[PDB]
């Protein structure tokens with residue numbers, strides 16, 4: 353990045369580590385977790401660090417396990433101001449076939465609803481934990497291979513580990 | 435003391451709806467079948483909502499009321515149909 | 682009835698977060714969903730918005 357380092361040093365990217373030997377950083381190739389992101393109006397980010405935009409108004413899929421069916425997430429988009437080029441996120445739905453085949457719903461506040469029933473946070477069921485983070489943002493956590501973030505005013509995140 | 439026996443929690447049961455099991459807890463909280471619940475809770479018949487935002491009030495039908503069991507001041511209201 | 686407790690003056694209405702507020706920033710609770718005081722809002726076929734506490738839907 354335009355600065356020098358002596359040999360034998362080991363700087364660490366978020367993903368993995370790299371070490372200087374004979375003017376050649378050696379590096380590992382071990383996978384590291386991805387992050388799909390929704391924010392702003394309609395600005396997406398793929399797991400592969402792509403950016404793009406799609407201002408559609410319907411219930412779209414966002415992610416899904418596709419060789420088995422451990423989960424499936426569904427965004428719901430609406431126009432969100434007077435302009436036509438302003439399509440923010442209202443609510444996202446989550447689905448776990450591994451537990452009752454239930455149906456979680458993050459709502460436009462900091463609220464959540466399991467099968468129509470509003471719920472106080474925290475919600476320790478067997479696997480999934482749902483709790484506030486700063487007392488202004490929800491955080492789902494199914495297992496150890498899944499996280500989420502608030503869909504109140506539309507800043508949905510995910511965290512998928514390399515098992516997927 | 436031994437002569438001090440306050441109320442902790444009361445349980446309610448409605449065979450007319452799922453044969454469910456409501457539970458008023460030592461706070462102002464409620465739990466249907468183990469699941470904590472945000473107030474209000476408009477199901478078909480029974481309504482549960484805060485009253486002063488410091489006391490729960492169940493209302494099944496029009497022939498039944500309740501009051502807070504947090505620190506133990508349970509009430510009821512039964513109409514003459516019973 | 683005419684109950685007893687902690688209220689605040691008539692110009693102020695109760696917010697979820699312990700304070701009470703005028704009806705300018707009093708949100709809407711449409712379909713459970715807590716919309717902020719200014720949230721223009723529509724599918725393809727309906728048209729809806731939250732003005733001052735009430736949820737003004739049309740078609």
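Protein chains in written order, with the deposited numbering: chain A, 353 to 516; chain B, 435 to 516; chain C, 682 to 740. For each residue, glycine too, the CB sits at the ideal point set by N, CA and C.
- Message: I want to verify the contact list: residues of chain B whose CB lies under 9 Å from the CB of residue 687(C), in sequence order.
- Response: Near residue 687(C) (Cβ distances below 9 Å), the residues of chain B are 486, 487, 488.
- Item | Residue-level contact to chain A via CB, residue 735(C), 8 Å cutoff | No, residue 735(C) does not count as interfacial toward chain A.
- When Cβ atoms are compared, which residues of the stretch 720-732 of chain C fall closer than 7 Å to chain A? Listed by position, the residues of the stretch 720-732 of chain C near chain A (Cβ gap below 7 Å) are 721, 722, 723, 724, 725.
- Message: Using only the alpha-carbon positions, how far apart do residue 489(A) and residue 374(A) sit?
- Response: Across the structure, residue 489(A) and residue 374(A) are spaced so that their CA atoms are roughly 48 Å apart.
- Item | Candidates 715(C), 698(C), 685(C), of which the one nearest residue 733(C) by Cα | Out of 715(C), 698(C), 685(C), 715(C) has the C-alpha closest to the C-alpha of residue 733(C).
- Message: Between which two residues does the beta strand (DSSP E) holding residue 720(C) run?
- Response: In the DSSP assignment, residue 720(C) falls within the unbroken beta strand (DSSP E) covering 720-722.
- Query: Comparing alpha-carbon positions, which option in 499(A), 487(A), 439(A) lies nearest residue 446(A)?
  - Reply: If we check each option's Cα against that of residue 446(A), 499(A) comes out closest.
- Using the rule of at least 16 other Cβ atoms within 10 Å of the residue's Cβ for burial, across every protein chain shown, is residue 432(A) buried or exposed? The residue in question, residue 432(A), is buried, as its Cβ has 16 or more Cβ neighbours within 10 Å.
- Quick one: what does DSSP say residue 472(A) is sitting in, helix, strand or coil? Three-state DSSP puts residue 472(A) in coil, outside helix and strand.
- Query: Does the separation of the CB atoms of residue 467(B) and residue 455(B) fall below 8 Å?
  - Reply: When the beta-carbon positions are compared, residue 467(B) and residue 455(B) come within less than 8 Å of each other.
- Item | 8 Å Cβ cutoff, residue 470(B) in contact with chain A | True, the Cβ-Cβ gap to chain A drops below 8 Å.
- Contacts of residue 392(A) in chain C (Cβ-Cβ under 7 Å): Here the premise fails: no neighbours, minimum Cβ distance about 16 Å.
- Reference residue 428(A); option with closest CA among 406(A), 355(A), 434(A): The shortest C-alpha separation from residue 428(A) is found at 406(A).
- Query: When we look at the beta-carbon of residue 403(A) and count the other beta-carbons within 10 Å, is it buried (16 or more) or exposed?
  - Reply: A residue is called buried once 16 or more other Cβ atoms fall within 10 Å of its Cβ, and residue 403(A), having fewer, is exposed.
- Item | Beta-carbon proximity check, residue 482(B) vs residue 464(B), cutoff 8 Å | Their beta carbons are under 8 Å apart, which means residue 482(B) touches residue 464(B) by this criterion.
- Please check the pair residue 393(A) and residue 438(A), which I expect to be a contact at CB under 8 Å, by giving their CB distance rounded to whole angstroms. With 8 Å as the limit, residue 393(A) and residue 438(A) qualify as a contact, their Cβ atoms being about 5 Å apart.
- Task: Using 10 angstroms around the beta-carbon of residue 460(A), count the other beta-carbons present and answer buried if the total reaches 16, otherwise exposed.
- Result: Per the 10 Å Cβ criterion, buried.
- List the residues of chain C whose Cβ lies closer than 9 Å to the Cβ of residue 434(A), in chain order. Neighbours of residue 434(A) in chain C, taken as residues whose beta carbon is under 9 Å from its own, are 721 in chain order.
- Query: Taking C-alpha atoms, which residue in 389(A), 377(A), 369(A), 385(A) lies nearest to residue 506(A)?
  - Reply: Out of 389(A), 377(A), 369(A), 385(A), 389(A) has the C-alpha closest to the C-alpha of residue 506(A).
- Would you mind listing the beta strand (DSSP E) stretches within the stretch 417-490 of chain A that are 3+ residues and don't spill past its ends, in chain order? Restricted to the stretch 417-490 of chain A, the beta strand (DSSP E) segments that are unbroken, complete and at least 3 residues in length are 424-431, 439-448, 454-458, 464-466, 481-484, listed in chain order.
- Is residue 444(A) near residue 430(A), with beta carbons less than 8 Å apart? It is not a contact, given that the beta carbons lie outside the stated cut-off.
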